[PDB]
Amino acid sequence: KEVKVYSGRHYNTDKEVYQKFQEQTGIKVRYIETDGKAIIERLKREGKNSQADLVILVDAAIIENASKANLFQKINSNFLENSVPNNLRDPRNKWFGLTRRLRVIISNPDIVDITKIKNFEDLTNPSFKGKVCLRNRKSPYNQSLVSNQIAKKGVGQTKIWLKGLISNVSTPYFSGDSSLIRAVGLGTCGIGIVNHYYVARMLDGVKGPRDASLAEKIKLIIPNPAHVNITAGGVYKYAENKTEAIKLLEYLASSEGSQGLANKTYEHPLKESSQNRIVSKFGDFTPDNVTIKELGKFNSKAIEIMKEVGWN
């Protein structure tokens, strides 16, 4: 009995969780970890000849792509249907949330007045002209942030928000969240938008002393209410080991599994906030109730309006 996992959780952290499942169940886990988009393209090409049983992907945008590519099958599990929060799973039961991450505001309080910053709407303030830095629009994290704004506000108001935000950027777009964190730490940027867990990995010395020194200079601001995004798992449409994939998905979404995945990456488990002291110091959050399905729905439109306003 074995299960083949193709995981887009490309942090090189999750091996120990699969090993704990293996010991407890006797089912051998064969895992590949690489880029989620490489996994989607590989499965489309392999189709019925693929060896994937369980697919793990990061970000609503990538889950939506996989869903559109018909990569998942609907599964029956009393545990997942009754234990995973409804907003963090497919209403059609093809994928289920495993961890939570927040896309937040980071600021250098020597460069900008952080008492003027509570939510994403504040970043349009003309006192931040030339102080806002962003990762580029190719990041699913940024697409899903804009889709979140569309979900709630509609296209018109999101476009007005975007024009205001992009008006305040005078720096080329970053190609990563960690390089953005460094720029805000250095003070070349006043304000950024990044995933909370990258700041926690730098503060913990995972990326070495210079990155930890820069991360200490940052103030992290959780918008209230908060935009939540996820990593999710689903069973491959042609899974050979369907039963074993479900058992593993059930373990990953369980309190033990979700805490095991989230603790490696400084993410939040599915149903409780992280017990990590560095993550807890960032503060409490309340989710805005936008569903992960809705972030998928508006992805095409987010990309179109990001291009229109010149988020590049």
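One-based numbering along the sequence shown.
- 63-71 and 245-253 differ in mean CA B-factor, and the higher of the two is recorded for 63-71.
- Here the stretch with the larger average CA B-factor, out of 38-46 and 267-275, is 267-275.
- Reading the B-factor column for the CA atoms of 135, 227, 92, 100 in the entry, the top value corresponds to 92.
- The PDB entry assigns its highest CA temperature factor, among 182, 237, 153, 196, to 153.
- Sort the modelled residues of the chain by CA B factor and residue 289 lands in the middle third.
- For residue 128, the recorded CA B-factor ranks within the highest third of the chain. Only modelled residues enter the ranking.
- Among the modelled residues of its chain, residue 114 has a C-alpha B-factor that falls in the highest third, as given in the PDB entry.
- Split the chain's modelled residues into thirds by C-alpha temperature factor. Residue 186 is in the highest one.
- Per the PDB record, residue ranking by Cα B-factor puts residue 32 in the middle third of the chain.
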